[PDB]
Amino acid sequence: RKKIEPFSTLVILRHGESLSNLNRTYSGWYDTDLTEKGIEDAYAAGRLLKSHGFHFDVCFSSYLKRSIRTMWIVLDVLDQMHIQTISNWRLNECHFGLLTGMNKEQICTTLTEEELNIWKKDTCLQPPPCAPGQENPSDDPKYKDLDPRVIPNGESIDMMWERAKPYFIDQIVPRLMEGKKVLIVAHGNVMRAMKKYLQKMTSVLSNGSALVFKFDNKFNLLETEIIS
């Protein structure tokens, strides 16, 4: 009982629990690391992909440690620590600007009722920038070589996707056109934007699930499979 393989395959996996997520504060570009539970989340994701027989040619991550660490753990489980890995800031979560580090109570104080509803249901609401005196995650040395004009300071989800999309088109798509299997360890908002883009959707997945996109040699999407 064997199944015919696709020409190319894209697997998108979400990173596990970060310390900010556990403390219920917004992180965005704040470089919060995995908790012990988040490390176990990464081991579980690696075992999920191994049980489906995935062998990847390349793995992508954001510049954020919770994504990079998840990638390393997953590749460790898959016995693929040797494969090419690529990290880039354009796969980063939204930069939340002023909202960086806020909890639920501070969000409700900062946003009007109407703004909060748009913030939850839509993708177009842009947070304001980091305040004077607020530690801004993008002042990190890891960003020292980027064009300063391009560094975001308060991003809606739409704006995040406008700067992630060129990276997806210029780095991930060409590898899929070569017939490769590509893994991406990703933030939730980025994963959902990529899913919407590929399926051509218009404007909620169980924790620990992965998305499997299968393509033919003309980059037609043949199937989207959820594995868990």
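Residue numbers run from 1 along the displayed sequence.
Missing deposited residues between residue 203 and residue 204: 4 to 9, all without coordinates in the entry. Taking the PDB entry as given, 193-201 carries the higher mean Cα B factor of the two stretches 193-201 and 52-60. For the two regions 5-13 and 205-213, the entry's Cα B-factors average higher over 205-213.
Across 155, 76, 105, 140, the entry's maximum B-factor at the CA atom is seen for 105.
In the deposited coordinates, the residue among 84, 136, 87, 112 with the greatest CA B-factor is 112. When the modelled residues of the chain are ordered by their C-alpha B factor, residue 94 lands in the lowest third.
Residue-level temperature factors show residue 71 in the lowest third of its chain, judged at the C-alpha atom. Per the PDB record, residue ranking by Cα B-factor puts residue 148 in the highest third of the chain.
Ranked against the other modelled residues of its chain, the C-alpha B-factor of residue 132 as given in the entry falls in the highest third.
Per the PDB record, residue ranking by Cα B-factor puts residue 47 in the highest third of the chain.
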